[PDB]
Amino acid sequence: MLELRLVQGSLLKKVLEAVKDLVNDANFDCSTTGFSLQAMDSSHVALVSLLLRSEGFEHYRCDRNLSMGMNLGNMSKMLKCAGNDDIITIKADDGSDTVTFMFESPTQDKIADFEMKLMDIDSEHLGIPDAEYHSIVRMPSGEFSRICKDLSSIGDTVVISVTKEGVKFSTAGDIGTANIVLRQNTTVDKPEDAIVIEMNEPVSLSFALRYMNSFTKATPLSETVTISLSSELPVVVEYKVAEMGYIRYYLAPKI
């Protein structure tokens, strides 16, 4: 039996709304550690790593390590039905091929029960070693979404280069060229100016904006997004989940 009670149900809703546009089906792994997920898109160009640590759940019950294969869109359609104020509970009896989503109001005057069928999924899991990236860029999530959306209206590829002069985002297309340079302010005196740019060694890589724009679906999860880059590795775009975990997007470069 599996019973995970999460007080802030809006998180799970925002988490599923994120991953669903990049991945159709994936396994949710439940362990003593927590609720996790790892999957690549159909092309194997991008990868998504999700973690909702056990500490975040007001109640975490997991007798044995298990995996639940799921149609992310379907689970998302179901979670869309819970009120942002609702207390969501994931229940699963290892002996059945169904998972149960309970949605309870704070007052308990409304209790919803959403049963869904699981599915056998044989997904490929990659071993991702930790590494100190050459350049780390922290900026307002809304601004990152802005840059990707804007630049994609101009071209399809974005060259993200980090030097001593800041981080440049450039693209070219049929109508012309466009680049956007962000630099740290004298001080971080407001959210907008919360741009931190760590740069141990200069980096410059090119990526498909279509994928970057898919990662931005996670925007509502946090006000900040962290971008990690190394000259010989896929970029990392991370959004913290509240304070109990995260969603990490990996995107192979164009070389």
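One rule holds for the numbers: they count along the sequence shown, beginning at 1.
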property: Given 116 to 124 and 93 to 101, the range whose Cα B-factors average higher in the PDB entry; result: 93 to 101
property: Stretch exceeding the other in mean C-alpha B-factor - 38 to 46, 187 to 195; result: 187 to 195
property: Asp25, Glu238, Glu232, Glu17, ranked by C-alpha B-factor: the highest one; result: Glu232
property: Chain third (lowest, middle, highest) by recorded CA B-factor, residue given as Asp156; result: middle
property: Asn74 - Cα temperature factor, lowest/middle/highest third of chain; result: lowest
property: Within-chain third of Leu11 by Cα B-factor, per the entry; result: middle
property: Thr107 by Cα B-factor - lowest, middle or highest third of the modelled chain; result: highest
property: Within-chain third of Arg146 by Cα B-factor, per the entry; result: lowest
